[PDB]
Every structure is written in structure tokens, then in C-alpha cells.
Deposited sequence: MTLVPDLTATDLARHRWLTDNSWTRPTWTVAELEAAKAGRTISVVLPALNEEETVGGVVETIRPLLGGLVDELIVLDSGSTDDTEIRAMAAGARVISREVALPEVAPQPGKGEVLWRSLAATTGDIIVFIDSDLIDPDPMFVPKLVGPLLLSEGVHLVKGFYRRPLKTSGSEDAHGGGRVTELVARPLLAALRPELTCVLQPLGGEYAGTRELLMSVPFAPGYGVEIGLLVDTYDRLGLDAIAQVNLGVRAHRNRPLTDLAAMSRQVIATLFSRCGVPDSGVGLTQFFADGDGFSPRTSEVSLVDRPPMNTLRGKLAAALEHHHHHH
């Protein structure tokens, strides 16, 4: 079983991706790339993240969008000044009432983008690097059969990852323990995949997408790339516990484990996915099928 994990690391994991922007542009072969940054009250960092991606716009990157979740700070104006198009949840999907959480935002962005490849990057990153998007799309553009690329960081993967996500995957989807940072917010997917899967709510969205991709398309459809060295963030334990509880709920939903829906005396828990976007945007989805 380590054999399986070893072969996947050899073929589908890159600790030192060699790719240049020019090489990746030349491999697009008519595919387009959308970059989506979810954001809720991230005025201090959103501009910095956008600025690292904007030089790619009109070359490797075809669309650069911040999907705002109802910010009351200066997230929107700062994102626009840095060169992103800012799209509210309402504009993205106007006839569906918004619900809270990160998964909602990523799901809605599927209705507001046109890329054959969609790249998600968190807007709260303090130290963004311009090669994030290139590294995330490399396996999609240059390998065959890859549909989901997970960006990981080498450390000088926190406690929810090592105490909650990885041990639960060992128990319930054992091959997926090969993924170093299953909860990471920097990842890219094909339109084919992303338009066809339900989206878990809130903090469950990443693990839900990983597990659904694994089940439907298989291990070799998942890759991972090192984006560089980054220190662990230090979120308050109460935030980490709320994240954990939702990771549990989402994994339980994907396994059919009855989850009570009871949160932590503090926490938000939802067991209800949003449906595949191709059910609500069938014509958009069909237009984007190759």
C-alpha cells in the first residue's frame, strides 16, 4: 500500500516544479484559465495576492476574479485597484439565495467564470508568490489525466490536517493519506470535474472536492505541487475546532455516516451540499464541454 503511495508520489507529486510561464502558455492548446480568490473582509492582504497574479492576465491567465462574500471593509476597492474583477455572490448566481461559508463562494464562482481550468487561491495569504498559479496548472496542462492539483507548502498541514484530516482519511479513504495538505486552499481543477460535483459547505469544501475527485476519477487524477516554504498560520483553537467539526461533517456525508449536525458549544455545521453547478447552469456547462 506504500507501493501505491510511492508510485503516486513519483508521478503525481512535484517538490521542485521546473515549469516556466512560457512553457505553460505554449501548452494551453486552446484551454483558458480562470483564477478565483474567495474573500470576506481581507482588506489587508487581498491586493497583495492579486498583484502577484495580475502580470499573468492576458497570457497564462484569462480571467482574474475576487469572489466577495459580503465584505464591509475595503476588500473590493483594493482588489479592483490591484487588477481583479470583483464579483459578489449575488452577481455570480442571482436567483439562488446565498448561504454562508467558503464552499458557497467557490461553487458560485463556477457560474461566473469561463475557464476550462479554475484555480482557487486564498485571499488571506500574507506571502503570496507569483509562481503559485503556474505551479498549480502545470500538471493539468503538461500531464495527462490530471483533474485536481493541490498546492502544498514545505514547512520550516497544521493541527487540523495532522490530527483530523489525515487520520480520518487513513480510516475512510486510505490511499488519500498520500496527499500532504488535503485542506489547502490553493488548488486547480478542470471545468469537467468542478461543474459536475456537489460542493460541500463552509470549511468542508476542500476535503469534499478531494474525496469526490478520488472516488469518481481516481488517484491518478489528483496531483500535488510544492508552492514554496511557508510557516504554519496560528489560528485560535476555537477556529480550528470549528474547522475540524465541519471537515468531519463533510467526510461523514461522503461516507454515509449519520452525523447529528450538532456543533461545538462555542459552531456552524451543515450537512447539505450545493448540487453540481451543471444542474443550474446546464447550457453554460454544455458550452464548456470539449
*What gaps appear when the modelled C-alpha atoms are mapped onto the deposited sequence?*
1-9, 166-176, 287-298, 323-327
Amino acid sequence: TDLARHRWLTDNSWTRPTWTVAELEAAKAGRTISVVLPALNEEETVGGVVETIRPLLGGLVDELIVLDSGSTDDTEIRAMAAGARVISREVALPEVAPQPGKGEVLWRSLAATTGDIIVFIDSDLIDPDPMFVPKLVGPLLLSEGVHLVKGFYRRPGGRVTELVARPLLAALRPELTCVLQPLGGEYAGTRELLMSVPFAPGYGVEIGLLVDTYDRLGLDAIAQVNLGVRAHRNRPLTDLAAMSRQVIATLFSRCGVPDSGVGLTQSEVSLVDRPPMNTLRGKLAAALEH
From here on, numbers count along this sequence of modelled residues.
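Only the largest set of C-alpha atoms that superpose within 1.5 Å between the two forms is called the rigid core.
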*Which of 38-46 and 248-256 lies farther from this form in 8 other deposited structures of this protein, as RMS of C-alpha positions after a rigid core fit*: 248-256
*Greater Cα displacement in 8 other deposited structures of this protein once the core is superposed, comparing 274-282 with 11-19*: 274-282
*At least a third of the other entries leave residue 24 unmodelled*: no
*asked:* Mean Cα B factor from the PDB record: higher for 235-243, or higher for 222-230?
replied: 235-243
*Using the B-factors recorded in the PDB entry, average over the C-alpha atoms of 63-71 and of 248-256, then report which stretch comes out higher.*
63-71
*Would you mind checking which of 191, 78, 166, 216 has the top Cα temperature factor in the PDB entry?*
78
*If you compare 114, 143, 177, 123, which has the highest Cα B-factor in the entry?*
143
_Looking at the temperature factor on the CA atom of residue 138, which third of the chain's modelled residues does it land in?_
middle
*Once the chain's modelled residues are ordered by C-alpha B factor and cut into thirds, is residue 284 in the lowest, middle or highest one?*
lowest
*Would you check the entry's CA temperature factor for residue 270 and let me know if it's in the chain's lowest, middle or highest third?*
highest
*Please place residue 127 in the lowest, middle or highest third of its chain by C-alpha B factor as given in the entry.*
highest
*Would you check the entry's CA temperature factor for residue 82 and let me know if it's in the chain's lowest, middle or highest third?*
highest
